[PDB]
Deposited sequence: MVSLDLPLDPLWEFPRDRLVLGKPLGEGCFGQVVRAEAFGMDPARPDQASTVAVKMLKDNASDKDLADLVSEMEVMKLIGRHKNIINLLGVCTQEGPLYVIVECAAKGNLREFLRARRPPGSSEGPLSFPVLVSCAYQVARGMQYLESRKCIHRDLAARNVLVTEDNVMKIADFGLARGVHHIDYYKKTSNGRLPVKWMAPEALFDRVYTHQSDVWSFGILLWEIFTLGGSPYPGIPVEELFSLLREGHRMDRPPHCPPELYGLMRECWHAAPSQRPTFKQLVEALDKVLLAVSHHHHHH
């Protein structure tokens, strides 16, 4: 069915499929000897596969996702491709499994009922890692198109990993009540133009999500009211307990002209300066 890539082929009999993670469909699995330095050791991985009644187009999209991940290469702040099963059975695409779920849920669960465990330098470090991940993806000509705290995964060691960059319906409200239009740069929403600078805008919204501990952007504003506010050049206010250093960066990400927004490289440098100063 598919060509053999000996660089990425992982033996399917060395995978123990487990619990479903989402719906292609994703399952948790145990892989033996995924690390060449540890030949028989188990690791927990995430495996993407086709549904039972998948079409030839669904196969194409999954193969395409796999190929893009191969080309992008490896980085500590992205969900990495670990292996593939293409021979003598169904197509499996094996990636890193982050134990602590998406960043939005990670932040919300740590809201204090009092001081929370996520102090200011931890929140800056979180933002810094996301910017480092985006800087890597940009250097690999990857435009995310939906960067948000829900699309960042958190490992057992609290390492931030950009998810779902290997590719949506912006107007459909998700089961968790997310409206993706709220992360769209104006040139993407109004003019269908997606660039690395439109991801910079989305990064600004993600910065706002971090400093509100997973708040929902433009709080209590319906989508129809959002369009008019964006046309007037309205921007979210400085949220509670957010210092001007961080709100200033959010405002820079939200400059109307994409050429006036900082680059992912400048955001990495700016967040590193904040972290060195406070810590």
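Annotation: deposited residues 1-4, 28-30, 121-122, 177-182, 295-300 are not represented by C-alpha coordinates in the model.
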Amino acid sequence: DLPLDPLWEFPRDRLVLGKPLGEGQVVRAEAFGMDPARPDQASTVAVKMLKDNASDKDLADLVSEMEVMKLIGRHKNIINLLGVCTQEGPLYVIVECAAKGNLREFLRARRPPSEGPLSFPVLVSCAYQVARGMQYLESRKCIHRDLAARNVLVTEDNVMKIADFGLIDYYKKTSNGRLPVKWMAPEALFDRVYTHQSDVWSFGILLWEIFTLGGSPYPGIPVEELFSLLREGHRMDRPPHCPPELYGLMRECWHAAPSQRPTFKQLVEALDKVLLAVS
From here on, numbers count along this sequence of modelled residues.
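Think of the rigid core as the biggest set of C-alphas that the two forms share within 1.5 Å after superposition.
When the other structures are laid on the shown form by the rigid core, the stretch among 158-166 and 91-99 with the greater C-alpha deviation in 7 other deposited structures of this protein turns out to be 158-166. Larger root-mean-square CA separation from the shown form, computed after a rigid core fit of the structures in 7 other deposited structures of this protein, is seen for 119-127 when 119-127 is set against 203-211. In the comparison with other entries of the same protein, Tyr136 is given coordinates in all of those covering both sides of it, so it never reaches the one-third threshold. Compared with other PDB entries of the same protein, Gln197 is present in all of those that resolve the residues around it, none of them, let alone a third, dropping it. For the two regions 127-135 and 84-92, the entry's Cα B-factors average higher over 84-92. Stretches 207-215 and 63-71 differ in mean CA B factor, with 63-71 having the higher one.
Considering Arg28, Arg251, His241, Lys48 together, the PDB entry gives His241 the largest C-alpha B factor.
Looking at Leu246, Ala42, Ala37, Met236, the one whose CA carries the top B-factor in the deposited record is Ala37. Annotation for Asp13: CA B-factor lies in the lowest third of the chain's modelled residues. Sorting the modelled residues of the chain by their CA temperature factor places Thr155 in the lowest third.
In the PDB entry, a CA B factor belonging to the middle third of its chain's modelled residues is recorded for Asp164.
Among the modelled residues of the chain, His196 sits in the middle third by CA temperature factor in this PDB entry. Split the chain's modelled residues into thirds by C-alpha temperature factor. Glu115 is in the highest one.
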